[PDB]
């Protein structure tokens, strides 16, 4: 069986994928939504640290049809990198999202030792492009060749024939109910109604979706810009200021990965653990625990207020809260484990991949018909 099963959650910060590995388990990772033009040849998740790929796809035109690219983190450093341009408030972009998408597909396939994969697509609609108009941009054959990195020399044959965009579907909430451990397993809490919110707390955006009869109420459902990133930017600015009485991190993800994630992990598995944050810069090592915690708490609080305001607007029976924001502001948001109308994933560590996980589960049910 040459099938790669995945859920694909593409935004403009990152392209997220959850897929079944050879062990039948969910494996998740994210590729930053950044590409850059690259020459025909070369010069946890280490295999995506350096992506130089040739892609051949009819879903790309002109410059793009059959050439080489840097993708993801490796491309964040290129001078001529392309990123999504946002406002002071497809066609030419489509490659900026298709290439990281296909690359994630080629990486997963490499991860499971395959080179011919059929990829039934399981995705979500963006934020004119009908469900099977998005799909038709993905259908057919695409080849991804690794010109460098861990997989140098591998060619992947990605075939996409079919797919869903989980459009009005309740595929969105599946990751709160199920896991995949070779096969579908129910998950031990939730504490399940006919009315629930899903708040996906993200890097640049908070998705505030509302469900009645499991289909999406388009009116009340909304998408704000209440991301973590702003709070993260404030924290990083204060850290640098403190070091400026006699930048420590590259990207926000570096800040998240090396400083913040291990402290949050501990906090999760032990309710008593008081976290500490230390930053090494130059010849100096500062304790920036108050700085970091202030940012998280201000974020948790702001999100607490946003969640209540959406709870009244909908008067939903249950309010599911997911996304990376739940981890970033866990310090204050764990309080939601107490309140009645709020549901946090039990497996909180997989909170950032909630939506991709839901799609992946949705995809597996489709296969089982």
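Residue numbers count along the first chain shown, from 1.
According to the record, the deposited sequence contains 4 to 9 residues between residue 127 and residue 128 that were left without coordinates. In this entry, residue 43 and residue 44 are separated by 10 or more residues of the deposited sequence that lack coordinates. The mean Cα B-factor in the deposited entry runs higher for 176-184 than for the other of 103-111 and 176-184.
Checked against the record, the higher mean CA B factor of 147-155 and 288-296 lies with 147-155. Taking only the listed residues 241, 200, 253, 83, the entry reports the highest CA temperature factor at 241.
If you compare the C-alpha temperature factors of 249, 211, 139, 74 in the entry, 74 comes out highest.
Residue-level temperature factors show residue 33 in the lowest third of its chain, judged at the C-alpha atom.
Split the chain's modelled residues into thirds by C-alpha temperature factor. Residue 267 is in the middle one.
Sort the chain's modelled residues by C-alpha temperature factor and residue 26 lands in the lowest third, per the entry. Among all modelled residues in this chain, the alpha-carbon of residue 277 has a temperature factor (C-alpha) in the middle third. Among the modelled residues of its chain, residue 163 has a C-alpha B-factor that falls in the middle third according to the deposited record.
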